[PDB]
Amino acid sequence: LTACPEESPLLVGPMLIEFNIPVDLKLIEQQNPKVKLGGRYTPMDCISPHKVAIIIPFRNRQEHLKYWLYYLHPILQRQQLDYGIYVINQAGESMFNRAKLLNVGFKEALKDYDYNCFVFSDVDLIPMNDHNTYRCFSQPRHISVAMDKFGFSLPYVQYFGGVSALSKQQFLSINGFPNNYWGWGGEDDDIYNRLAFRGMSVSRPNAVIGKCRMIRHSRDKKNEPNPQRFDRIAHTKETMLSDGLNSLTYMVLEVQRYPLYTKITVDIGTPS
């Protein structure tokens, strides 16, 4: 049992990513035979140093998930990662809380395995080049750098939304993510502010390797509106230590181990 190489030899580079072809999960299971129950895979040919837990905040986007699973299982294996898929499903109908579900995912995933790396990904973003590794780096990593929906250009240098990865230590260091933004906007910039304060920076792949497509119904070129950073910097400084991993409260309603992913349905609350 040798350690896995620097970069994996299985890499293909640029890939074609499109959604004309609807997909069936049964087909994906058969196309990804080495994927054990619950969305787990561990390379046979070597030992991976990256035990990655991929967390997806979710609610009623089954179609998107199908396309996500279709493209990401093959890629993640070519990257030679020891990984698990976690779909944190918000039970409920109260406004969505992306950051809190990601926290729930961190905590729940550690109950299954000694993960040392966490990738936080929206269900609707697919990387276009398997050189954009879904793993941890020496500094917090922003993976979805150039998204087709934003013209393939980072909206602003401190944009940390979409897909990012943090080592277990990096994550603990900032007290996790905020639980109080709900769907008001800005959790991603608060998270960036947390990084700044605990003296870290943002690691990124080059812009061509960091290309990503958004799962867009049929064909829409129409570049989306540019998001502008929310100025909540004073606010992050005061609330970082009290809103986060240490104040995280929720109730796991149900846990299902599907062939391709683990689905944890939780009740996380309502805004107050």
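All residue numbers refer to positions in the sequence shown, first residue = 1.
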- [ ] Could you check which stretch, 247-255 or 20-28, carries the larger mean CA temperature factor in the entry?
- [x] 20-28
Open item on the list: Which is higher on mean Cα B factor in this entry, 76-84 or 101-109?
Closed with: 76-84
TODO: Taking the values exactly as deposited, rank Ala3 by C-alpha B-factor within its chain and report the matching third: lowest, middle or highest.
DONE: highest
Task: CA B-factor ranking of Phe160, expressed as a third of its chain - done: lowest
Open item on the list: Can you tell me whether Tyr115 has a C-alpha B-factor in the lowest, middle or highest third compared with the other modelled residues of the same chain?
Closed with: highest
- [ ] Sorting the chain's modelled residues by C-alpha B-factor, tell me whether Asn175 ends up in the lowest, middle or highest third.
- [x] lowest
- [ ] Quick one: classify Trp182 as lowest, middle or highest third of the chain based on its Cα B-factor.
- [x] lowest
